[PDB]
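A single chain comes next, written as structure tokens; it is the form deposited in one PDB entry.
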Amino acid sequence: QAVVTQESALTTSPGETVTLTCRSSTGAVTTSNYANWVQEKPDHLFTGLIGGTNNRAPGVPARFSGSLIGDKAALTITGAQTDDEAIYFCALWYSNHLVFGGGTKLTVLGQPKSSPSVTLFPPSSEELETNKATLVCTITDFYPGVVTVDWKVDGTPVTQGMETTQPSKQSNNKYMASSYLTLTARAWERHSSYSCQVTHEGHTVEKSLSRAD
């Protein structure tokens, strides 16, 4: 139903130019979709940036601009600033309804790259008494704030029972997140090696634990 797609994530540095886009599955985005752009910052902060394709609301910095680029609407931040790091939602009008896109998480480099600090916790003896076993892989102090988490059990990757949280900004604007591997108590007895692999900026950090000790 008139699906609207946006780059899920993009990264720029202060002073550079970045361009988010907005594609309509019905066909080419046109001025008649009256494309809008809404900036969302933490704490459900909301600001209307662009309306009617390229109408900049008052108070919005001049470095923002809306336009069409072929079959898409496009928000263009010219000479970005650290305070531009946010989620940017595109909304197209479809005659009788509006549709928001998935959004695009824009990162504006505000500090140097920090690798994640990983720590793996085994199930508590208390919890196993409920016949449930939960391994907890904590992740903190990584920047930019995107990580991938893969679990291995006895050297075999795990497909099911894993759940990872969306990162969260720390006071230092580095990021933290936690992954969980949920097992049955039995399944925890039936295996001996457990690994949590956190990949960040193409570099992987691993923390494992063996019950053979």
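Each residue number is its position in the shown sequence, starting from 1.
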Inset, instruction - Name the higher of the two by mean Cα B-factor in the PDB entry, 60-68 versus 26-34. - result: 26-34
Inset, instruction - Averaging only over Cα atoms, indicate whether 78-86 or 94-102 has the higher B-factor in the PDB entry. - result: 94-102
Legend entry - residue 188 - which third its CA temperature factor falls in, relative to the rest of the chain: highest
Legend entry - Chain thirds of CA B-factor: placement of residue 49: middle
Legend entry - Where the record places residue 210 (Cα B-factor, split into thirds across the chain): middle
Inset, instruction - Give the position of residue 164 by CA B-factor within its chain, expressed as the lowest, middle or highest third. - result: middle
Inset, instruction - Taking the values exactly as deposited, rank residue 171 by C-alpha B-factor within its chain and report the matching third: lowest, middle or highest. - result: lowest
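Another form exists, deposited in another entry; not displayed. Remarks below refer to it.
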Inset, instruction - Since one rigid part pivots against the other between the shown form and the other one, find the hinge residue among 56, 89, 141, 109. - result: 109
Inset, instruction - Answer with closer or farther for the CA-CA spacing of residue 203 and residue 6 in the other form compared to the shown form; it moves by 3 Å or more. - result: farther
Legend entry - Closer or farther in the other form: C-alpha pair residue 148, residue 102 (3 angstroms or more): farther
